[PDB]
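Heads up, input.csv below (CSV, C-alpha atoms):
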```csv
chain,number,residue,atom,x,y,z
U,1,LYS,CA,88.6,50.9,106.8
U,2,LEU,CA,89.5,51.4,103.1
U,3,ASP,CA,91.2,54.5,101.8
U,4,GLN,CA,90.0,53.9,98.2
U,5,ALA,CA,87.8,57.0,98.2
U,6,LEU,CA,90.3,58.9,100.4
U,7,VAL,CA,93.2,58.6,98.0
U,8,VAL,CA,91.0,58.5,94.9
U,9,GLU,CA,89.9,62.0,95.6
U,10,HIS,CA,93.4,62.9,97.0
U,11,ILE,CA,95.2,61.6,93.9
U,12,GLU,CA,92.9,63.2,91.4
U,13,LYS,CA,93.1,66.4,93.3
U,14,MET,CA,96.8,65.9,93.6
U,15,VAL,CA,97.5,65.8,89.8
U,16,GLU,CA,95.1,68.7,89.4
U,17,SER,CA,96.7,70.5,92.3
U,18,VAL,CA,100.2,70.2,90.7
U,19,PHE,CA,99.0,70.8,87.2
U,20,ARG,CA,97.4,74.1,88.2
U,21,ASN,CA,100.0,74.8,90.9
U,22,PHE,CA,102.8,75.2,88.4
U,23,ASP,CA,100.4,76.6,85.7
U,24,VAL,CA,99.1,79.8,87.4
U,25,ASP,CA,99.7,81.6,84.1
U,26,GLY,CA,97.2,79.5,82.2
U,27,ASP,CA,99.6,78.2,79.6
U,28,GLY,CA,98.6,74.6,79.7
U,29,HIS,CA,102.3,73.6,80.2
U,30,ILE,CA,104.9,74.1,82.9
U,31,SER,CA,107.2,76.8,81.6
U,32,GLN,CA,110.9,76.7,82.6
U,33,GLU,CA,110.5,80.0,84.5
U,34,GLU,CA,107.7,78.6,86.7
U,35,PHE,CA,109.6,75.5,87.8
U,36,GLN,CA,112.7,77.7,87.9
U,37,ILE,CA,111.7,79.9,90.8
U,38,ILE,CA,109.3,77.3,92.4
U,39,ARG,CA,112.2,74.8,92.8
U,40,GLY,CA,113.9,77.5,94.9
U,41,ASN,CA,111.4,76.9,97.7
U,42,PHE,CA,110.4,73.3,96.8
U,43,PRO,CA,113.6,71.1,96.5
U,44,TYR,CA,111.4,68.1,97.2
U,45,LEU,CA,110.8,67.8,93.4
U,46,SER,CA,112.9,65.9,90.9
U,47,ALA,CA,114.8,67.4,87.9
U,48,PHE,CA,113.2,68.5,84.6
U,49,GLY,CA,114.9,65.6,82.9
U,50,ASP,CA,113.1,63.1,85.2
U,51,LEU,CA,109.6,64.8,85.0
U,52,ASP,CA,109.9,65.3,81.2
U,53,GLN,CA,111.6,62.6,79.1
U,54,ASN,CA,111.6,64.9,76.1
U,55,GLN,CA,113.3,67.6,78.2
U,56,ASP,CA,110.9,70.2,76.7
U,57,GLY,CA,111.2,72.2,79.9
U,58,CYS,CA,107.4,71.8,80.0
U,59,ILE,CA,105.3,69.4,82.1
U,60,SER,CA,102.1,68.0,80.6
U,61,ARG,CA,99.3,65.9,82.1
U,62,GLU,CA,100.8,62.7,80.8
U,63,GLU,CA,104.1,63.7,82.5
U,64,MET,CA,102.5,64.2,86.0
U,65,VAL,CA,100.0,61.4,85.6
U,66,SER,CA,102.6,59.0,84.3
U,67,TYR,CA,104.8,60.2,87.2
U,68,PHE,CA,102.0,59.2,89.6
U,69,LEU,CA,101.7,55.7,88.2
U,70,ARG,CA,105.5,55.7,87.6
U,71,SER,CA,106.5,56.3,91.2
U,72,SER,CA,103.5,54.2,92.4
U,73,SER,CA,104.3,51.2,94.6
U,74,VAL,CA,101.8,48.7,96.0
U,75,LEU,CA,99.1,51.3,96.8
U,76,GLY,CA,100.8,54.6,97.3
U,77,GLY,CA,104.5,55.3,96.7
U,78,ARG,CA,106.7,55.7,99.8
U,79,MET,CA,110.0,54.1,100.8
U,80,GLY,CA,111.3,56.1,103.8
U,81,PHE,CA,113.4,59.1,102.9
```
Take the structure in the file and write it out as structure tokens.
Amino acid sequence: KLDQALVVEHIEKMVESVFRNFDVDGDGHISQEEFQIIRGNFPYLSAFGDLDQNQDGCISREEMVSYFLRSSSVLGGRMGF
């Protein structure tokens, strides 16, 4: 069986889930305060400097999307940690 459709919908919904997850204030960008308190319960995320190259303290679509294709391996993006 192919997971093409499975992960296609999961990926698209993933970027949309994170984009809206950290943007509950409807600002269009991830404010430092949002990631500030959220990181306190979600240490599984990288640092601002890694998510945003410009270090604007704000995460855009290109940052999350590029991050999905950035940390993307053969099909997904897992190593074993």
inquiry  = For a quick check of understanding, using only C-alpha atoms, which of U:64, U:8, U:47, U:38 has the smallest distance to residue U:24?
reply    =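 Closest candidate: U:38.
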Taking every listed atom of stretch 23-31 of chain U and adding 6 Å to each side, what centre and edge lengths in Å (one decimal) does the axis-aligned box have, as AutoDock Vina command-line options?
```
--center_x 102.2 --center_y 77.6 --center_z 83.5 --size_x 22.0 --size_y 20.0 --size_z 19.8
```
task = Using atom CA of residue U:62 and atom CA of residue U:80 as the two end points, give the distance in Å to one decimal.
result = 26.1 Å
task = May I have the residues within 7 Å of stretch 26-35 of chain U as a PyMOL selection string, using all atoms listed in the file and disregarding those fewer than 3 positions away in the same chain?
result = chain U and resi 22-23+38-39+57-60
Write out the residues from the selection above, keeping C-alpha atoms, as a PDB file, keeping the file's coordinate frame.
```
ATOM      1  CA  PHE U  22     102.800  75.200  88.400  1.00  0.00           C
ATOM      2  CA  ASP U  23     100.400  76.600  85.700  1.00  0.00           C
ATOM      3  CA  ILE U  38     109.300  77.300  92.400  1.00  0.00           C
ATOM      4  CA  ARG U  39     112.200  74.800  92.800  1.00  0.00           C
ATOM      5  CA  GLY U  57     111.200  72.200  79.900  1.00  0.00           C
ATOM      6  CA  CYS U  58     107.400  71.800  80.000  1.00  0.00           C
ATOM      7  CA  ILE U  59     105.300  69.400  82.100  1.00  0.00           C
ATOM      8  CA  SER U  60     102.100  68.000  80.600  1.00  0.00           C
TER       9      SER U  60
END
```
Length of the atom CA of residue U:78 to atom CA of residue U:7 vector [Å] =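 We find that atom CA of residue U:78 and atom CA of residue U:7 lie 13.9 Å from each other.
The smallest atom-to-atom distance between residue U:13 and any of U:65, U:1, U:52, U:46, using only C-alpha atoms, is found for U:65.
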task = Return the single residue from U:41, U:63, U:68, U:74 that is closest to residue U:10, with distances computed using all atoms listed in the file.
result = U:68
ask   = In Å to one decimal, how far is atom CA of residue U:25 from atom CA of residue U:51?
value =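 Between these atoms lies a distance of 19.5 Å.
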ask   = So which one's closest to residue U:18, U:3, U:55, U:45, U:81? Using all atoms listed in the file, please.
value = U:45
message = I'd like the contact shell of residue U:77 - 12 Å cut-off, all atoms listed in the file, skipping same-chain residues fewer than 6 positions apart - returned as a PyMOL selection string.
response = chain U and resi 7+11+67-71
task = Kindly indicate which residue among U:4, U:36, U:54, U:21 lies nearest to residue U:76, using only C-alpha atoms for the distances.
result = U:4
Where atoms are missing, can you supply N, CA, C and O atoms for stretch 1-22 of chain U and output the lot as a tab-separated table (two decimals), keeping the file's coordinate frame?
```tsv
chain	number	residue	atom	x	y	z
U	1	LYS	N	89.15	49.82	107.68
U	1	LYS	CA	88.60	50.90	106.80
U	1	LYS	C	89.44	50.95	105.48
U	1	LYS	O	90.65	50.71	105.50
U	2	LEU	N	88.78	51.29	104.38
U	2	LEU	CA	89.50	51.40	103.10
U	2	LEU	C	89.69	52.88	102.74
U	2	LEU	O	88.83	53.73	102.96
U	3	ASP	N	90.87	53.16	102.19
U	3	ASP	CA	91.20	54.50	101.80
U	3	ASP	C	90.99	54.75	100.31
U	3	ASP	O	91.38	55.78	99.76
U	4	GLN	N	90.34	53.79	99.67
U	4	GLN	CA	90.00	53.90	98.20
U	4	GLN	C	89.49	55.25	97.86
U	4	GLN	O	90.08	55.94	97.02
U	5	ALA	N	88.41	55.66	98.51
U	5	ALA	CA	87.80	57.00	98.20
U	5	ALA	C	88.68	58.10	98.68
U	5	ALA	O	88.78	59.13	98.01
U	6	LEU	N	89.36	57.90	99.81
U	6	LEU	CA	90.30	58.90	100.40
U	6	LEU	C	91.35	59.31	99.40
U	6	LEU	O	91.50	60.49	99.07
U	7	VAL	N	92.08	58.31	98.90
U	7	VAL	CA	93.20	58.60	98.00
U	7	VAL	C	92.74	58.78	96.56
U	7	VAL	O	93.45	59.41	95.78
U	8	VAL	N	91.56	58.27	96.21
U	8	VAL	CA	91.00	58.50	94.90
U	8	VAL	C	90.81	59.97	94.64
U	8	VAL	O	91.23	60.53	93.63
U	9	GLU	N	90.17	60.60	95.63
U	9	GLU	CA	89.90	62.00	95.60
U	9	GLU	C	91.22	62.81	95.83
U	9	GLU	O	91.43	63.88	95.24
U	10	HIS	N	92.09	62.26	96.67
U	10	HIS	CA	93.40	62.90	97.00
U	10	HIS	C	94.31	62.86	95.79
U	10	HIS	O	95.01	63.83	95.50
U	11	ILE	N	94.31	61.73	95.08
U	11	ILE	CA	95.20	61.60	93.90
U	11	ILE	C	94.71	62.45	92.78
U	11	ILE	O	95.50	63.21	92.21
U	12	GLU	N	93.42	62.36	92.44
U	12	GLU	CA	92.90	63.20	91.40
U	12	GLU	C	93.10	64.65	91.63
U	12	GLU	O	93.51	65.40	90.74
U	13	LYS	N	92.87	65.05	92.88
U	13	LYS	CA	93.10	66.40	93.30
U	13	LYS	C	94.56	66.76	93.35
U	13	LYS	O	94.95	67.92	93.24
U	14	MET	N	95.39	65.73	93.53
U	14	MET	CA	96.80	65.90	93.60
U	14	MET	C	97.40	66.27	92.22
U	14	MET	O	98.15	67.24	92.08
U	15	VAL	N	97.02	65.50	91.20
U	15	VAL	CA	97.50	65.80	89.80
U	15	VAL	C	96.92	67.10	89.35
U	15	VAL	O	97.61	67.84	88.65
U	16	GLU	N	95.69	67.40	89.75
U	16	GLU	CA	95.10	68.70	89.40
U	16	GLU	C	95.69	69.81	90.19
U	16	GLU	O	95.81	70.93	89.68
U	17	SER	N	96.12	69.52	91.42
U	17	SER	CA	96.70	70.50	92.30
U	17	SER	C	98.10	70.94	91.75
U	17	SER	O	98.44	72.13	91.76
U	18	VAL	N	98.87	69.96	91.28
U	18	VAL	CA	100.20	70.20	90.70
U	18	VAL	C	100.11	70.85	89.35
U	18	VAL	O	100.84	71.79	89.04
U	19	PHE	N	99.20	70.32	88.54
U	19	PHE	CA	99.00	70.80	87.20
U	19	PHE	C	98.65	72.30	87.18
U	19	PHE	O	99.14	73.06	86.36
U	20	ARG	N	97.78	72.69	88.11
U	20	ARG	CA	97.40	74.10	88.20
U	20	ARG	C	98.36	74.87	89.10
U	20	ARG	O	98.51	76.09	88.95
U	21	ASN	N	99.03	74.17	90.02
U	21	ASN	CA	100.00	74.80	90.90
U	21	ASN	C	101.14	75.44	90.16
U	21	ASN	O	101.54	76.57	90.46
U	22	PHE	N	101.66	74.73	89.16
U	22	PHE	CA	102.80	75.20	88.40
U	22	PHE	C	102.28	75.93	87.10
U	22	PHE	O	103.08	76.46	86.32
```
